[PDB]
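Working notes for the structure below.
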Amino acid sequence: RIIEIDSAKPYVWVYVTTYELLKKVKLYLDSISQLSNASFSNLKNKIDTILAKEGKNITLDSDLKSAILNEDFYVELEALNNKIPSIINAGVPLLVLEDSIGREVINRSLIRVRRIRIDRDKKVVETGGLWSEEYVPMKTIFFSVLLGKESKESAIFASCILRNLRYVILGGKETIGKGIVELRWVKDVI
Amino acid sequence: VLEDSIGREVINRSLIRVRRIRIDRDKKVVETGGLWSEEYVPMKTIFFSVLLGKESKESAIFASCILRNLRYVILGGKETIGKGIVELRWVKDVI
Amino acid sequence: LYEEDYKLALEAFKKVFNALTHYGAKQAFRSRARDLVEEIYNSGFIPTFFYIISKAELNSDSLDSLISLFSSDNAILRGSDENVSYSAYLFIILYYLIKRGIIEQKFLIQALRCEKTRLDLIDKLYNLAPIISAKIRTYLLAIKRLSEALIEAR
Amino acid sequence: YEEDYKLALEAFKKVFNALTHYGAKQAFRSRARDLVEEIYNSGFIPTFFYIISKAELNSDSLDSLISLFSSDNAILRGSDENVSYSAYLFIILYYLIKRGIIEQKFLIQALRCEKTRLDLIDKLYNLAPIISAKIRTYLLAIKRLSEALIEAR
Amino acid sequence: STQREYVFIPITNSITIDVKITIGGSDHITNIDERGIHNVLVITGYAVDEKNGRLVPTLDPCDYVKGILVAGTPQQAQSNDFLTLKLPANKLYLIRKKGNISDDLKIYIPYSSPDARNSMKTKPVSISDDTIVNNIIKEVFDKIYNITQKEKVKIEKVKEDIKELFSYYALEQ
Amino acid sequence: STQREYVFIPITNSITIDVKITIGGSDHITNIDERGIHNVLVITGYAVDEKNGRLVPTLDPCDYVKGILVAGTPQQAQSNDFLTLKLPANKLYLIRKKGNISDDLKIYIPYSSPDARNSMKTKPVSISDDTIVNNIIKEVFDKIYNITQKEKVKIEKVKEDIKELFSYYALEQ
Amino acid sequence: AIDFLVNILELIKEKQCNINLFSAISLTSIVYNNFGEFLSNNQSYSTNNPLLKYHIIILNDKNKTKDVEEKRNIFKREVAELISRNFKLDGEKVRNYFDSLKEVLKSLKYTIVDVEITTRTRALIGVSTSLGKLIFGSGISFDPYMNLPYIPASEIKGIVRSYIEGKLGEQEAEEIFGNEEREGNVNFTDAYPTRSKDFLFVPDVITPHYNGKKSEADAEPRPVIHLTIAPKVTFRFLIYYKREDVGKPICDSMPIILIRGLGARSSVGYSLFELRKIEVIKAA
RNA sequence: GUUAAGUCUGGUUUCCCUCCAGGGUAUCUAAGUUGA
């Protein structure tokens with residue numbers, strides 16, 4: 001969540017990442033670049049040009065210059081090299097924070113929820129049937145890699161199966177309607 | 001249909017905050033600490049959700065007999081002060 | 001540097017607390033803080049804000065007292081226990097509006113002391129209404145807690 | 001080190017002894033089950049404002065706390081809730097004193113003035129991200145102790 | 001009573017002429033009222049018999065068939081192999097409801113025979129490929145609903161809502 | 001540096017005698033950016049005796065003189081009958097503060113010393129009469145606004161708000 | 001926009017009963033609290049806004065301030081009278097609401113008790129609730145989406161329970177209205193007015209002289225104009241439950257508890273009601 | 001008997017949450033020394 005001072009461009013939410021998460025993605029990409037024939041020079045150079053701006057909070061798809069994230073944390077941003085095209089495509093700015101701030105922002109971005117359990121014949125809570133529970137919000141982006149070793153079946157897999165994988169169900173609580181998720185392959189989205 | 005930076009404030013102020021109390025049965029006055037507020041969502045408010053089901057023979061009978069004859073339910077709390085009655089209109093049935 | 005809702009509430013409540021000399025003023029201000037937030041929710045910020053301005057019974061020396069409180073910290077709110085309580089909650093709201101940079105101090109003062117500028121202040125508040133109603137109630141909730149912690153009942 | 005469970009044992013001893021009415025004990029048990037989760041979710045300073053609001057630190061419950069520091073026989077007087085919140089505030093201030101986050105010398109001439117009490121709250125605001133990470137396991141222990149010892153009402 | 005017939009809607013081309021009565025008086029259960037089709041029947045435990053166009057009784061609760069419900073009769077030369085039955089309209093699994101239905105229906109379902117030589121095995125099907133849809137529209141709806149192509153431009157609407165409305169199960173043969 | 005100049009909005013005509021410099025550079029701070037006139041400072045504490053107008057100071061804070069902020073030294077035949085002053089521009093009272101400031105704003109304001117003989121009387125004024133608006137709109141702004149005449153197409157957005165956004169407290173004696 | 005404001009009383013009197021009374025009074029309060037400013041040549045120069053009438057009249061000349069203050073007192077009284085005469089009751093929407101709600105409950109197999117009651121004396125329900133609070137200081141329990149005053153179901157349940165535990169002990173109550181370990185067996189809807197005689201609201205005053213005073217040397221009347229619910233206004237609400245037991249205690253409780261108060265200031269005979277009609281629809 | 005003139009006041013104070021439930025159940029690991 002954002003309350004953007006110094007912007008007539010009204011954003012209700014915004015994407016937040018930190019430099020440590022970016023360093024981890026860079027390590028993934030560096031490692032699997034050597035261990036395979038593939039290369040991700042576009043993604044790698046995007047990540048590298050962002051990482052070059054370490055020390056200062058920055059925004060990618062806007063020029064906010066200041067904001068109030070998750071109701072508590074003031075930031076003072078900078079513009080990345082005159083609109084460096086950002087990795088994701090959601091018409092919402094991506095902010096890259098110093099990891100100290102980003103830690104608290106990301107903690108405040110999680111969803112904690114009390115649930116209860118009701119006796120099946122007297123509409124009153126059961127004893128012990130009360131607990132909390134944590135979700136990661138919808139619209140959250142995780143970065144993973146799927147690596148395969150040479151084989152016949154590996155080619156059929158990478159060419160027939162991974163081209164019909166879009167929506168899968170991660171996690172648990174799949175009856176509260178949690179865990180629907182969209183896999184978007186870096187090759188055909190970057 | 002408002003843009004979000006204003007529709008957010010509008011919809012948030014659009015809820016009913018009723019204050020209830022508890023009464024000293026002998027003084028016939030308000031107990032100390034017996035004052036609180038509750039938020040209600042107005043009548044005729046509309047919520048949208050989906051009911052999904054894996055392949056099964058039970059799923060068939062559920063979606064084809066149960067979900068037909070299910071129109072009214074009671075949601076949430078305060079059922080005895082008349083809150084929480086709800087009608088479910090399926091898009092499938094009548095958009 | 002930027003002060004969040006609770007820190008701004010601390011600073012505002014601290015500047016008010018030293019100005020309410022008589023303790024009845026303090027207790028009436030406690031009663032104010034404890035319900036003007038629910039009022040602001042139910043009736044809207046602008047109606048309740050002008051209600052507070054009226055109930056502060058300005059058009060006296062209370063006005064220059066209230067503007068002096070902004071800077072002197074040696075100033076005293078003068079009036080009856082109802083008038084100064086509303087005057088101090090008005091200072092609370094003005095301090096928020098000024099520190100959050102929503103409305104400048106000069107314009108607020110001149111709108112508060114002039115028949116003319118008051119109407120365009122109404123216009124401006126109807127312009128700036130989302131920017132205020134977004135988060136003023138958290139700061140005012142913190143004010144409520146500070147009041148019912150640092151002051152007692154009648 | 002795990003001496004925070006020991007600190008919790010000491011604080012819970014002092015509180016369990018200063019709450020003479022068993023209703024006050026059960027109310028403190030409720031405060032213990034709730035306020036640690038509220039510090040987790042909503043942060044320290046919000047929950048501390050909430051707590052000092054409902055403790056009603058007039059002038060008299062205040063001295064009961066300063067004495068409860070020293071005299072192992074000091075009692076807390078007031079409503080069950082009014083003393084449970086003050087007991088939990090004592091838990092907090094106790095941890096802050098023992099772990100030397102703020103000098104007890106300062107915390108004493110704050111609980112006696114209403115003119116340095118706001119400075120106490122300001123100081124606690126300058127240290128909220130420290131306290132928030134420190135007191136976690138201590139308050140978890142206080143909660144566990146309360147569920148263990150005090151009878152569920 | 002208002003005699004009814006369940007002219008079901010598979011894709012195969014044995015659907016045009018199977019009901020005698022077109023309108024009768026001025027009533028039909030199924031409505032087409034500018035929002036698409038309305039008051040469509042759905043039967044469960046029955047599969048399409050695209051081969052020898054009919055529908056045979058299966059037992060699986062997942063096997064359903066659709067098709068409008070109108071006023072008609074078996075032309076006095078059929079219903080040797082039909083199911084006909086009298087329901088109080090509270091037993092009708094009617095999708096896409098518009099209003100209420102009076103009482104005491106009398107439906108004629110295009111039935112089949114057991115035929116316990118070959119095993120049945122049904123597949124979920126679709127009605128897409130409007131090359132299929134158009135002949136049914138010009139053969140099933142018009143001969144029953146003459147107001148179709150009388151005051152309506154919302155016909156392509158009927159086309160995309162047959163895209164989105166009618167499915168069934170057929171014996172995969 | 002740069003030293004600006006502030007002139008009122010009268011109903012009379014003595015404006016050319018003193019204002020010389022249109023811009024003196026590249027771009028102003030006062031603007032007609034199709035959003036309305038912006039950064040129009042407001043004086044509070046003066047009275048307008050405007051027959052051959054020059055400002056006189058009052059004691060009231062509800063007396064407000066409002067105009068626009070021209071960049072330029074007026075006539076270079078003065079600085080002994082003008083209230084010269086260079087505020088650091090965060091002690092200036094403006095309207096619709098959009099952008100930043102030059103961190104220091106020297107203002108030359110036409111001034112009439114009080115010379116107390118009568119007792120002052122201040123009356124507010126709202127103006128009208130689209131002609132009596134245009135005849136200030138594009139003769140004296142035109143003298144100072146030159147990037148208009150090619151982009152300021154609908155003059156209405158200024159001719160309509162000059163009669164609602166400006167006012168003063170007149171003296172008339 | 002300010003023009004919505006300076007034209008809101010015209011709206012009250014022309015759009016009568018079809019305007020959102022909550023927002024209407026809320027916006028009127030801005031005019032009321034900036035009266036001296038809305039009168040200084042800002043009447044919008046219309047001819048049916050009540051606001052220039054306070055420019056024709058002269059109440060004082062030795063003080064413009066006193067002029068404004070007396071004009072504002074008159075204007076408060078006039079706002080009360082405007083709301084009371086113009087905002088009348090059209091209870092067709094409520095009759096439809098309750099018929100449909102009762103059909104819903106018949107589907108859910110409840111046993112409904114539809115009770116109709118009539119105001120006998122100017123009622124005060126929700127006197128601390130926000131409606132007119134920013135003008136009058138008092139309020140009315142107002143549902144801003146039915147655009148009506150209403151009696152909360154919680155209030156009616158609390159009063160019925162107070163009576164039932166008065167005459168059946170503090171245990172049969174909890175047998176009926178439940179406790180912290182059982183849910184109640186009786187449900188209450190809010191009560192809405194379905195038919196009045198002439199008015200729905202009515203101006204009134206209360207003028208404490210001595211409340212909270214030491215002696216005669218500090219006595220002073222402070223008169224409090226406010227709005228009350230007119231007499232002869234008929235409210236109705238439903239009572240539904242699934243067990244047949246609780247039908248007995250509620251039936252006989254209904255006529256009795258109404259003749260004594262149902263709102264505020266019952267002690268001086270204000271919120272006195274009258275059981276107009278009761279009716280029980282058993283399900284199965 | 002007659003003349004004139006109204007004037008003063010214009011809602012306050014409490015209560016802002018109380019109690020209980022703060023996890024329960026199931027899984028708790030499965031399957032798999034050879035050459036000098």
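Residue numbering restarts at 1 for every chain of the structure tokens, chains are lettered A, B, ... in their displayed order, and ligands are numbered from 1 as they appear.
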At most 9 Å is the cut-off: for each residue in chain A with any atom that close to an atom of chain B, write down the nearest atom pair and the distance in Å rounded to one decimal, counting only C-alpha atoms, chain first then increasing number, as CSV.
residue,atom,partner,partner_atom,distance
A:10,CA,B:5,CA,5.9
A:11,CA,B:5,CA,6.9
A:12,CA,B:5,CA,6.0
A:175,CA,B:52,CA,8.9
A:177,CA,B:52,CA,8.8
Once chain E sits on chain F after a least-squares Cα superposition, all atoms in order, what's the RMSD? 1.4 Å
Could you give me, as CSV, a per-residue list for chain A showing, wherever an atom lies at most 10 Å from an atom of chain D, the closest pair of atoms and their distance in Å to one decimal, using only C-alpha atoms and sorting by chain then residue number from low to high?
residue,atom,partner,partner_atom,distance
A:104,CA,D:129,CA,9.7
A:107,CA,D:41,CA,9.3
A:108,CA,D:41,CA,8.2
A:110,CA,D:41,CA,9.7
A:111,CA,D:41,CA,9.3
A:112,CA,D:41,CA,7.3
A:113,CA,D:41,CA,9.8
A:132,CA,D:37,CA,9.0
Generate the output file for the selected residues, N, CA and C atoms, as a compact mmCIF listing (two decimals), in the first residue's frame.
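And here is the file that came out, result-v2.txt:
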# COMPACT_ATOMS: atom_id res chain seq x y z
N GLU A 104 10.91 -4.14 7.04
CA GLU A 104 9.69 -3.78 7.75
C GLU A 104 8.53 -3.59 6.80
N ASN A 107 7.31 -6.98 5.96
CA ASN A 107 6.59 -7.56 7.09
C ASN A 107 5.18 -6.99 7.19
N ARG A 108 5.05 -5.67 7.03
CA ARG A 108 3.75 -5.04 7.06
C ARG A 108 2.90 -5.39 5.85
N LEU A 110 2.47 -8.52 4.76
CA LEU A 110 1.85 -9.82 4.89
C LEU A 110 0.47 -9.69 5.53
N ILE A 111 -0.31 -10.75 5.41
CA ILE A 111 -1.69 -10.76 5.88
C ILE A 111 -1.80 -11.75 7.01
N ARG A 112 -2.12 -11.26 8.20
CA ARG A 112 -2.39 -12.11 9.34
C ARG A 112 -3.88 -12.13 9.59
N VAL A 113 -4.40 -13.31 9.91
CA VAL A 113 -5.83 -13.55 9.95
C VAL A 113 -6.13 -14.49 11.11
N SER A 132 -4.27 -17.90 14.65
CA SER A 132 -3.88 -16.93 13.65
C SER A 132 -3.29 -17.67 12.46
Distance limit 6 Å, atoms considered: only C-alpha atoms. Which chain B residues sit that close to chain E? Return them as a VMD selection string. chain B and resid 57 60 93 to 94
Hey, can you spit out that residue selection with N, CA and C atoms as a PDB file, in the first residue's frame?
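Result went into part-v6.pdb, see below:
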ATOM      1  N   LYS B  57     -18.298 -37.750  -8.470  1.00  0.00           N
ATOM      2  CA  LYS B  57     -19.729 -37.988  -8.543  1.00  0.00           C
ATOM      3  C   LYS B  57     -20.465 -37.213  -7.465  1.00  0.00           C
ATOM      4  N   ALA B  60     -20.870 -33.643  -8.796  1.00  0.00           N
ATOM      5  CA  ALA B  60     -21.988 -33.558  -9.723  1.00  0.00           C
ATOM      6  C   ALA B  60     -23.287 -33.275  -8.986  1.00  0.00           C
ATOM      7  N   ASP B  93     -26.964 -19.089 -13.150  1.00  0.00           N
ATOM      8  CA  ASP B  93     -28.422 -19.134 -13.105  1.00  0.00           C
ATOM      9  C   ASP B  93     -29.028 -17.888 -13.736  1.00  0.00           C
ATOM     10  N   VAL B  94     -28.762 -16.723 -13.153  1.00  0.00           N
ATOM     11  CA  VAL B  94     -29.279 -15.454 -13.653  1.00  0.00           C
ATOM     12  C   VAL B  94     -28.175 -14.423 -13.501  1.00  0.00           C
TER      13      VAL B  94
END
When you look at region 20-34 of chain B with a cut-off of 10 Å (counting only C-alpha atoms (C1' of nucleotides)), what residues show up, excluding the ones that are within fewer than 5 positions of it in the same chain? I need them as a PDB file with N, CA, C and O atoms (P, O5', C5', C4', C3', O3' and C1' of nucleotides), in the first residue's frame.
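Output contents, as saved in selection.pdb:
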ATOM      1  N   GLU D  81      -9.985  -5.150  35.111  1.00  0.00           N
ATOM      2  CA  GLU D  81      -9.324  -4.746  33.874  1.00  0.00           C
ATOM      3  C   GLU D  81      -8.346  -3.609  34.121  1.00  0.00           C
ATOM      4  O   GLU D  81      -7.233  -3.600  33.577  1.00  0.00           O
TER       5      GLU D  81
ATOM      6  N   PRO G 152     -33.214   0.287  16.769  1.00  0.00           N
ATOM      7  CA  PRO G 152     -32.296  -0.833  16.577  1.00  0.00           C
ATOM      8  C   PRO G 152     -32.843  -2.109  17.185  1.00  0.00           C
ATOM      9  O   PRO G 152     -33.501  -2.092  18.222  1.00  0.00           O
ATOM     10  N   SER G 154     -31.076  -4.312  18.537  1.00  0.00           N
ATOM     11  CA  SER G 154     -30.371  -4.518  19.792  1.00  0.00           C
ATOM     12  C   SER G 154     -31.095  -3.836  20.937  1.00  0.00           C
ATOM     13  O   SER G 154     -31.210  -4.399  22.027  1.00  0.00           O
ATOM     14  N   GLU G 155     -31.618  -2.635  20.701  1.00  0.00           N
ATOM     15  CA  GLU G 155     -32.339  -1.910  21.740  1.00  0.00           C
ATOM     16  C   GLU G 155     -33.617  -2.633  22.136  1.00  0.00           C
ATOM     17  O   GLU G 155     -33.916  -2.789  23.326  1.00  0.00           O
ATOM     18  N   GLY G 158     -32.726  -5.748  24.035  1.00  0.00           N
ATOM     19  CA  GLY G 158     -32.272  -5.448  25.376  1.00  0.00           C
ATOM     20  C   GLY G 158     -33.413  -5.109  26.304  1.00  0.00           C
ATOM     21  O   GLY G 158     -33.424  -5.519  27.462  1.00  0.00           O
ATOM     22  N   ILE G 159     -34.407  -4.389  25.798  1.00  0.00           N
ATOM     23  CA  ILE G 159     -35.539  -4.010  26.636  1.00  0.00           C
ATOM     24  C   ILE G 159     -36.420  -5.219  26.927  1.00  0.00           C
ATOM     25  O   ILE G 159     -36.835  -5.446  28.071  1.00  0.00           O
ATOM     26  N   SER G 162     -34.499  -7.295  29.437  1.00  0.00           N
ATOM     27  CA  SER G 162     -34.558  -6.689  30.757  1.00  0.00           C
ATOM     28  C   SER G 162     -35.885  -7.001  31.430  1.00  0.00           C
ATOM     29  O   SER G 162     -35.920  -7.393  32.599  1.00  0.00           O
ATOM     30  N   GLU G 165     -36.189 -10.975  32.222  1.00  0.00           N
ATOM     31  CA  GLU G 165     -35.423 -11.341  33.399  1.00  0.00           C
ATOM     32  C   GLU G 165     -35.903 -10.608  34.638  1.00  0.00           C
ATOM     33  O   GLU G 165     -35.605 -11.043  35.753  1.00  0.00           O
ATOM     34  N   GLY G 166     -36.634  -9.509  34.473  1.00  0.00           N
ATOM     35  CA  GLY G 166     -37.317  -8.933  35.613  1.00  0.00           C
ATOM     36  C   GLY G 166     -38.369  -9.864  36.180  1.00  0.00           C
ATOM     37  O   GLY G 166     -38.417 -10.101  37.389  1.00  0.00           O
TER      38      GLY G 166
ATOM     39  P     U H  14     -16.942  14.006  31.206  1.00  0.00           P
ATOM     40  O5'   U H  14     -17.374  12.917  32.277  1.00  0.00           O
ATOM     41  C5'   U H  14     -16.991  11.570  32.116  1.00  0.00           C
ATOM     42  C4'   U H  14     -18.064  10.619  32.562  1.00  0.00           C
ATOM     43  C3'   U H  14     -18.048   9.292  31.840  1.00  0.00           C
ATOM     44  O3'   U H  14     -17.067   8.427  32.363  1.00  0.00           O
ATOM     45  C1'   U H  14     -20.267  10.093  31.990  1.00  0.00           C
ATOM     46  P     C H  15     -15.731   8.162  31.532  1.00  0.00           P
ATOM     47  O5'   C H  15     -15.924   6.662  31.068  1.00  0.00           O
ATOM     48  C5'   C H  15     -16.636   5.767  31.898  1.00  0.00           C
ATOM     49  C4'   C H  15     -17.645   4.974  31.117  1.00  0.00           C
ATOM     50  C3'   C H  15     -17.202   4.497  29.753  1.00  0.00           C
ATOM     51  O3'   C H  15     -16.345   3.375  29.825  1.00  0.00           O
ATOM     52  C1'   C H  15     -19.401   5.340  29.627  1.00  0.00           C
ATOM     53  P     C H  16     -14.838   3.486  29.297  1.00  0.00           P
ATOM     54  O5'   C H  16     -14.993   3.415  27.722  1.00  0.00           O
ATOM     55  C5'   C H  16     -15.447   2.231  27.084  1.00  0.00           C
ATOM     56  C4'   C H  16     -15.105   2.244  25.619  1.00  0.00           C
ATOM     57  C3'   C H  16     -13.652   2.576  25.297  1.00  0.00           C
ATOM     58  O3'   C H  16     -13.252   1.846  24.141  1.00  0.00           O
ATOM     59  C1'   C H  16     -15.065   4.145  24.257  1.00  0.00           C
ATOM     60  P     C H  17     -11.738   1.341  23.984  1.00  0.00           P
ATOM     61  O5'   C H  17     -11.890  -0.132  23.409  1.00  0.00           O
ATOM     62  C5'   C H  17     -11.799  -1.267  24.256  1.00  0.00           C
ATOM     63  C4'   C H  17     -12.962  -1.354  25.208  1.00  0.00           C
ATOM     64  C3'   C H  17     -13.072  -2.629  26.015  1.00  0.00           C
ATOM     65  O3'   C H  17     -12.158  -2.692  27.094  1.00  0.00           O
ATOM     66  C1'   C H  17     -15.196  -2.039  25.189  1.00  0.00           C
ATOM     67  P     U H  18     -11.617  -4.113  27.608  1.00  0.00           P
ATOM     68  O5'   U H  18     -12.909  -4.837  28.176  1.00  0.00           O
ATOM     69  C5'   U H  18     -13.397  -4.528  29.468  1.00  0.00           C
ATOM     70  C4'   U H  18     -14.338  -5.589  29.962  1.00  0.00           C
ATOM     71  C3'   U H  18     -13.895  -7.017  29.731  1.00  0.00           C
ATOM     72  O3'   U H  18     -12.949  -7.455  30.685  1.00  0.00           O
ATOM     73  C1'   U H  18     -16.156  -6.785  29.117  1.00  0.00           C
TER      74        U H  18
END
Coordinates-based distance that separates CA of residue 14 (chain D) from CA of residue 72 (chain D) (Å, one decimal):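 Straight-line distance from CA of residue 72 (chain D) to CA of residue 14 (chain D) works out to 6.5 Å.
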Residues of region 36-141 of chain F classed as helix (DSSP H, G or I) by DSSP on the backbone are to be reported as a ChimeraX atom specification. /F:130-137,140-141
How would the residues just chosen look if you wrote them out with N, CA and C atoms as a compact mmCIF listing (two decimals), in the first residue's frame?
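File produced: part_29.txt:
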# COMPACT_ATOMS: atom_id res chain seq x y z
N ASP F 130 -17.14 40.72 -18.49
CA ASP F 130 -16.13 40.09 -19.34
C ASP F 130 -15.30 41.06 -20.17
N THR F 131 -15.88 42.20 -20.55
CA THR F 131 -15.10 43.23 -21.24
C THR F 131 -14.08 43.86 -20.30
N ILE F 132 -14.52 44.24 -19.10
CA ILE F 132 -13.66 44.86 -18.09
C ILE F 132 -12.70 43.81 -17.56
N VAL F 133 -12.88 42.57 -17.99
CA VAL F 133 -11.89 41.53 -17.72
C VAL F 133 -10.88 41.43 -18.86
N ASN F 134 -11.35 41.30 -20.10
CA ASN F 134 -10.44 41.14 -21.24
C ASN F 134 -9.50 42.33 -21.38
N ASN F 135 -10.00 43.54 -21.11
CA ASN F 135 -9.20 44.75 -21.25
C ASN F 135 -8.10 44.85 -20.22
N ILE F 136 -8.01 43.88 -19.31
CA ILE F 136 -6.82 43.65 -18.51
C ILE F 136 -6.15 42.34 -18.90
N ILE F 137 -6.94 41.34 -19.27
CA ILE F 137 -6.50 40.00 -19.65
C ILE F 137 -5.37 40.08 -20.66
N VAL F 140 -2.08 43.90 -20.48
CA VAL F 140 -0.99 44.01 -19.51
C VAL F 140 -0.37 42.66 -19.21
N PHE F 141 -1.17 41.59 -19.13
CA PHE F 141 -0.60 40.25 -19.20
C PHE F 141 0.14 40.07 -20.51
6 Å contacts from chain B to chain G using only C-alpha atoms, as a ChimeraX atom specification: /B:80-82
Taking the DSSP secondary structure from the backbone, can you list the residues of chain B that are strand (DSSP E), as an NGL selection string? :B and (16-23 or 30-40 or 72-74 or 85-87)
Output the selection as a CSV table (one decimal), in the first residue's frame - N, CA and C atoms for each residue.
chain,number,residue,atom,x,y,z
B,16,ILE,N,-21.6,1.5,8.0
B,16,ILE,CA,-22.4,2.0,9.1
B,16,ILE,C,-21.7,1.6,10.4
B,17,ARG,N,-21.3,2.6,11.2
B,17,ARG,CA,-20.7,2.3,12.5
B,17,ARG,C,-21.7,2.7,13.6
B,18,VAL,N,-22.4,1.6,14.1
B,18,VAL,CA,-23.4,1.8,15.2
B,18,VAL,C,-22.8,1.5,16.5
B,19,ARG,N,-23.1,2.4,17.5
B,19,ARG,CA,-22.6,2.2,18.9
B,19,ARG,C,-23.7,1.5,19.7
B,20,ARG,N,-23.3,0.4,20.4
B,20,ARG,CA,-24.2,-0.3,21.3
B,20,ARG,C,-23.7,0.0,22.7
B,21,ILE,N,-24.5,-0.4,23.7
B,21,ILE,CA,-24.1,-0.3,25.1
B,21,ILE,C,-24.7,-1.5,25.9
B,22,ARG,N,-24.2,-1.6,27.1
B,22,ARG,CA,-24.7,-2.5,28.1
B,22,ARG,C,-25.2,-1.7,29.3
B,23,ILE,N,-26.3,-2.1,29.9
B,23,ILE,CA,-27.0,-1.3,30.9
B,23,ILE,C,-26.8,-2.0,32.3
B,30,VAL,N,-25.6,3.1,32.1
B,30,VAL,CA,-24.6,2.4,31.3
B,30,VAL,C,-23.5,1.9,32.2
B,31,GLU,N,-23.2,0.6,32.1
B,31,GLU,CA,-22.0,0.1,32.8
B,31,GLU,C,-20.8,0.8,32.4
B,32,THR,N,-19.8,0.9,33.3
B,32,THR,CA,-18.5,1.4,32.8
B,32,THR,C,-17.9,0.5,31.8
B,33,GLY,N,-17.2,1.0,30.8
B,33,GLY,CA,-16.7,0.2,29.8
B,33,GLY,C,-17.7,-0.6,29.0
B,34,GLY,N,-19.0,-0.2,29.0
B,34,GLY,CA,-20.0,-0.9,28.4
B,34,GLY,C,-20.4,-0.2,27.1
B,35,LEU,N,-19.5,0.4,26.4
B,35,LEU,CA,-19.8,1.2,25.2
B,35,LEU,C,-18.8,0.8,24.1
B,36,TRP,N,-19.4,0.5,22.9
B,36,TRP,CA,-18.5,0.0,21.8
B,36,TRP,C,-19.2,0.3,20.5
B,37,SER,N,-18.4,0.2,19.4
B,37,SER,CA,-18.9,0.4,18.1
B,37,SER,C,-18.9,-0.9,17.3
B,38,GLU,N,-19.7,-1.0,16.3
B,38,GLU,CA,-19.7,-2.1,15.3
B,38,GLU,C,-19.8,-1.6,13.9
B,39,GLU,N,-19.1,-2.1,13.0
B,39,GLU,CA,-19.3,-1.8,11.6
B,39,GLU,C,-20.2,-2.8,10.9
B,40,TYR,N,-21.2,-2.3,10.2
B,40,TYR,CA,-22.0,-3.1,9.3
B,40,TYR,C,-21.8,-2.7,7.9
B,72,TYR,N,-30.8,-18.5,0.2
B,72,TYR,CA,-30.6,-17.6,1.3
B,72,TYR,C,-29.8,-18.3,2.4
B,73,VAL,N,-28.9,-17.5,3.0
B,73,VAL,CA,-28.1,-18.0,4.1
B,73,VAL,C,-27.9,-16.9,5.1
B,74,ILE,N,-27.2,-17.2,6.2
B,74,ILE,CA,-26.9,-16.2,7.3
B,74,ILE,C,-25.4,-16.2,7.4
B,85,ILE,N,-28.3,-11.7,6.9
B,85,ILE,CA,-29.1,-12.4,5.9
B,85,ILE,C,-28.6,-12.0,4.5
B,86,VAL,N,-28.6,-13.0,3.6
B,86,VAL,CA,-27.9,-12.9,2.4
B,86,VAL,C,-28.6,-13.7,1.3
B,87,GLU,N,-28.6,-13.2,0.1
B,87,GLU,CA,-29.1,-13.9,-1.0
B,87,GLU,C,-27.9,-14.2,-2.0
Residue 115 (chain D) surroundings by only C-alpha atoms (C1' of nucleotides), 12 Å radius, close-in-sequence under 3 positions cut, as a ChimeraX atom specification: /C:14-15,17-18,150-151 /D:109-112,118-122
Could you give me, as CSV, every chain H residue with an atom at most 7 Å from chain G, plus its closest atom pair and distance in Å to one decimal, counting only C-alpha atoms (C1' of nucleotides), rows ordered by chain then number?
residue,atom,partner,partner_atom,distance
H:9,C1',G:221,CA,5.4
H:10,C1',G:223,CA,5.5
H:11,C1',G:224,CA,5.8
Under the rule that only C-alpha atoms are counted, which of D:34, D:4, D:103, D:56 is the nearest residue to residue 148 (chain C)? D:56
Wanna dump the chain H-chain A contacts at 8 Å for me, each residue with its shortest atom pair and the distance in Å to one decimal, counting only C-alpha atoms (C1' of nucleotides), ordered by chain and number, as a Markdown table?
| residue | atom | partner | partner_atom | distance |
| --- | --- | --- | --- | --- |
| H:21 | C1' | A:127 | CA | 5.1 |
| H:22 | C1' | A:130 | CA | 6.1 |
| H:23 | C1' | A:128 | CA | 5.1 |
| H:24 | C1' | A:128 | CA | 6.3 |
May I have the residues of chain D within 12 Å of chain B, counting only C-alpha atoms, written as number ranges by chain? D: 54, 79-82
Go ahead and save the picked residues with C-alpha atoms, as a tab-separated table (two decimals), in the first residue's frame.
chain	number	residue	atom	x	y	z
D	54	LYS	CA	-6.48	1.32	29.49
D	79	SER	CA	-10.93	-2.57	38.58
D	80	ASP	CA	-10.04	-6.05	37.37
D	81	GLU	CA	-9.32	-4.75	33.87
D	82	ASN	CA	-7.90	-1.49	35.19
